[PDB]
Structures are given as structure tokens and as C-alpha cells.
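Since the structure comes first, as C-alpha cells, the remarks are kept for the end.
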Amino acid sequence: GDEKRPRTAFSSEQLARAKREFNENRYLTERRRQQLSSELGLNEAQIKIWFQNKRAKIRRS
């Protein structure tokens with residue numbers, strides 16, 4: 024994105040991941056969220072529950 028980032032906390036490589044990270048949880052919410060909720064047989068209180076658990080993927084950090 025920018026043209027002047029350090030090389031410790033994130034040399035853009037980590038900043039770019041933040042995008043791709045949500046990019047896989049920003050559209051599906053309105054692209055496939057209906058497909059899941061449909062085959063999942065639940066409500067919004069469970070939809071987020073899936074991705075909410077996937078957001079960690081065994082890291083809780």
C-alpha cells in the first residue's frame with residue numbers, strides 16, 4: 024500500500040495479510056453466508072459462530 028514501512032512489526036507483508044485475512048471474511052458474509060446459513064439451519068447468532076471460531080484456527084492470540 025504505502026512506500027515507507029519499517030521491517031519489524033510489519034514490513035507491509037504483515038499489513039497486506041490483514042487485508043487478505045478479512046478478504047476471506049468480508050464478502051462471503053454476503054456471498055456465501057446465505058449458502059452456509061441455509062445448509063447450517065440456524066440464525067445470525069450461529070453464523071458468526073463459525074467464522075468466529077475460524078478466525079482463531081487454534082491460536083487465540
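When the count follows our numbering, it moves up by one through the sequence shown with no breaks and lands on 84 for the last residue. Even for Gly, the Cβ is constructed at its ideal location relative to N, Cα and C.
Following the DSSP letters along the chain, one finds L65 in no alpha helix (DSSP H), marked with neither H nor E.
Cβ contact annotation for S35 (same chain, cutoff 6 Å, sequence separation greater than five): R28, in chain order. Under the three-state reduction of DSSP output, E44 falls in the helix class.
The beta-carbon separation of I70 and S60, rounded to 5 Å, stays under the 8 Å limit for a contact. For the pair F74 and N46, the CB atoms are not nearer than the 8 Å cut-off.
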